[PDB]
């Protein structure tokens, strides 16, 4: 019934040696809620720097990886490389990769199965666009995106998956999501897991909210019973990321 609260910070395409030095120093100086599992995701070229400098109780994630150990994929990073560098997490299926870079549901599932088999943990991102929501496809889209992973991975493999619901419909659009709207989808995802994977996976899988999370709204969102944490965007670059980690204390 209980699930450890989970806060990921996705830096996206942001950072310099100097900016990351200050950012990491702020995190190292911070007082963090011991009950919260924290993961940050630097750009791939800063992973060694971050991994060395960052407090060990915050683990590092890559922002993406590919579906093979190695080969002729110019520009791609392998899960094995991540393991080689001591990077335990990867974000897969982020809306920007799905919708700007055309990563299909099955490619996401391929990556996910491959990363898990390599011993990584996965933040698996799902969610529907404004157009899909207007079409009434919220439940169809999240079902389809999850089903691609569920077809590919074992019940035990879910142990190392965290699901991030991204309300893409409320990201850079004129719409805003309420905690109640977020809660509604998280409950739908958990029911899908119960009915398609197992009751145990539904009860133990963290489902984190990946909409616009900042210091001002995190406390309200965390009160919802099916929101198990956050995948933070722009606020992960700011000192208030600490406040978001501490949203419950």
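Positions refer to the first chain, counted from 1.
**Student:** If you take the mean CA temperature factor per stretch, which one wins between 65-73 and 213-221?
**Tutor:** According to the entry, 213-221 carries the higher average C-alpha B-factor.
**Student:** As stated in the PDB record, which stretch has the larger average Cα B-factor, 147-155 or 161-169?
**Tutor:** Between 161-169 and 147-155, it is 147-155 that shows the higher mean C-alpha B-factor.
**Student:** Quick one: classify residue 189 as lowest, middle or highest third of the chain based on its Cα B-factor.
**Tutor:** Lowest third - that is where residue 189 ends up once the chain's C-alpha B-factors are sorted.
**Student:** Could you place residue 102 in the lowest, middle or highest third of its chain by Cα temperature factor, using the values in the record?
**Tutor:** Highest third - that is where residue 102 ends up once the chain's C-alpha B-factors are sorted.
**Student:** Can you tell me whether residue 138 has a C-alpha B-factor in the lowest, middle or highest third compared with the other modelled residues of the same chain?
**Tutor:** Lowest third - that is where residue 138 ends up once the chain's C-alpha B-factors are sorted.
**Student:** Would you mind checking where the Cα B-factor of residue 17 ranks among the modelled residues of its chain, as the lowest, middle or highest third?
**Tutor:** Middle third by C-alpha B-factor.
**Student:** Would the CA B-factor of residue 7 place it in the lowest, middle or highest third of its chain?
**Tutor:** Answer is lowest: the recorded C-alpha B-factor places it there.
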